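Residue numbers (UniProt numbering), protein chains in the order written: chain C, 155 to 290; chain V, 155 to 290; chain L, 436 to 471, 485 to 531, 541 to 579; chain W, 436 to 471, 485 to 531, 541 to 579. For each residue, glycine too, the CB sits at the ideal point set by N, CA and C.
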């Protein structure tokens, strides 16, 4: 049994963890825990949990770290359009309100904003302030 | 002459600074300066500049602090719609592509996302992790 | 049921949220700065941004500059008097300034002048 | 001129950007977690998220759990071998893990099992 699994650089789309013990600790998160998780993620705080926990439901650090681990950043913010899987999806992209398909000035505005975001992301990557990023 | 001006809680819309000396230091910001400013803002870093600067154009801290000071967060991200002045602004809101005006499921989706953002913002405010916020 | 307009130009648009720190669903934005000597900054200006800008310009301009502030009128009455913030994510000087007693009433600053490291607001 | 499709369902929509840290124009998002014992997490899963989740579950489950990973096929070839990151904003354990040599080729993990604090990937 190896200590760590090999690094995988592929993009998963669904995870299913099964265990004999209870996963109920990761449910009914309080408002304080969610706020602390978001703030910790934005401020890059490292959390070192003990070797073993016997009362997960009473551990605030574990739940805050969970909320921190469930945070990522995506540039295009269109809540009514699916955006992560872009290759080989058309059933989930069918029958949606897309004004950018016909209007052209709107498309140019979106393109300019995307170019600025891409340039900023690359500049962050160059200064070693960002490990990696995906363009889909 | 008082040391500090009284606190103003109104929302300005344009600022014009005039001075005898040159403002050219706040121009042609390099990529590194912008990236550092964004990272500093996201990580809440306090910058204490010296009492006086004689070569502003060669001060990286000043320009990084400028880029940090020019950052704020807005929930609705619709690049083709004006969003800050919402009271008494109809000339700039005329003739725009608004699909949410007629479609109803899209409006419900936008409302749900807005409700979640509002709840998260209030929860952050309660835990003293956010000083204030405006709802327009 | 009256937050969202049901008829007009802003029909269906949810209210705008502004904040100095990140929250769920936030979108990082930036203010436009342009120098002509004069410097112009446009966009939604919140008090911490103005205080930080004054703090920077005090050192950069060697304590000598003048500022002309354009205000959004329907938010001028927020100055009406009403009477551990280290982790709020603000500079300690800004926290000290904002923890004061509101002196203005229904009135907002229209001109700020700084000469020889002294403030004479108009 | 071929990044943006000019005909089809995704006509005019610019490419999606994913990142573990904030950037200009970013929008904070969250993954959906739901427990049924079993725990389900859906959304775009990046390697640091998976590593942090494994680190948390190791302590929470006392080093005994099994994981089933569903992969996006067109991104499986990224494992092809190619041969001061303290401020990148990642846990030091994650930085140590990601600074390794790619062993897999055109292949991605499909089943991960941890028994008695030992990893036996399938």
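Item to complete: Kindly identify the DSSP beta-bridge partner or partners of residue 513 of chain W.
Response: W:571
Worksheet item: Are any of the Cβ atoms in chain W nearer than 8 angstroms to that of residue 282 of chain C?
Response: yes
Fill in: beta strand (DSSP E) runs contained entirely in the region 439-463 of chain W, provided each spans 3 or more residues
452-454
Worksheet item: Roughly how far, in whole angstroms, is the beta-carbon of residue 497 of chain L from the beta-carbon of residue 226 of chain V, given that I think they are within contact range, below 8 angstroms?
Response: 7 angstroms
Fill in: Beta-carbon proximity check, residue 550 of chain W vs residue 284 of chain C, cutoff 8 angstroms
no
Discussion item. So the candidates are W:463, W:438, W:443; which of them puts its Cα closest to the Cα of residue 244 of chain C?
Written reply: W:443
Fill in: Residue from W:453, W:506, W:447, W:521 with nearest C-alpha to residue 176 of chain C
W:506
Worksheet item: Hey, is the region 185-193 of chain V in contact with the region 215-224 of chain V, meaning 3+ C-beta pairs nearer than 8 angstroms?
Response: yes
Discussion item. Let me check understanding here. Comparing Cα to Cα, which of L:568, L:576, L:471, L:509 lies closest to residue 166 of chain V?
Written reply: L:568
Fill in: Beta-carbon proximity list for residue 503 of chain L, same chain, < 7 angstroms, skipping 5 on both sides
550
Worksheet item: In or out: residue 289 of chain C buried (at least 16 other Cβ within 10 Å) or exposed?
Response: exposed
Worksheet entry | Whether residue 566 of chain L touches residue 578 of chain L by CB criterion (8 angstroms) | yes
Worksheet item: Counting Cβ pairs, one atom from each stretch, are 3 or more of them under 8 angstroms apart for the region 268-277 of chain C and the region 439-459 of chain W?
Response: yes
Discussion item. On the criterion of 16 or more Cβ atoms from any shown chain inside 10 Å, does residue 212 of chain C qualify as buried, or is it exposed?
Written reply: exposed
Fill in: Test: residue 184 of chain V CB closer than 8 angstroms to a CB of chain L
no
Worksheet entry | Of the residues L:515, L:543, L:454, the one placed nearest residue 168 of chain V, counting alpha carbons only | L:515
Worksheet item: Name the DSSP bridge partner or partners of residue 282 of chain C?
Response: Paired residues: none, contrary to the question.
Item to complete: Please compile the residues from chain C whose C-beta is within a distance smaller than 8 angstroms of the C-beta of residue 529 of chain W.
Response: Neighbours of residue 529 of chain W on chain C: none; closest Cβ ~11 angstroms, over 8 angstroms.
Worksheet entry | chain C residues whose Cβ lies nearer than 9 angstroms to that of residue 520 of chain W | 164, 165, 166, 167, 238, 239, 241
Practice prompt. Rounded to whole angstroms, what's the CA-CA distance from residue 160 of chain C to residue 287 of chain C? Just pull it up for me.
Written response: 20 angstroms
Worksheet item: Which partner residues of residue 211 of chain V appear in the DSSP bridge assignment?
Response: None; residue 211 of chain V has no bridge partner.
Discussion item. Using only CA atoms, which one of C:222, C:171, C:248, C:280 lies nearest to residue 464 of chain W?
Written reply: C:222
Worksheet item: Between the region 498-512 of chain L and chain V, which residues of the former have a C-beta closer than 9 angstroms to a C-beta of the latter?
Response: 498, 499, 500, 501, 502, 503, 504, 505, 506, 507, 508, 509, 510, 511, 512
Item to complete: Please confirm whether residue 260 of chain C and residue 251 of chain V have their CB atoms less than 8 angstroms apart.
Response: yes
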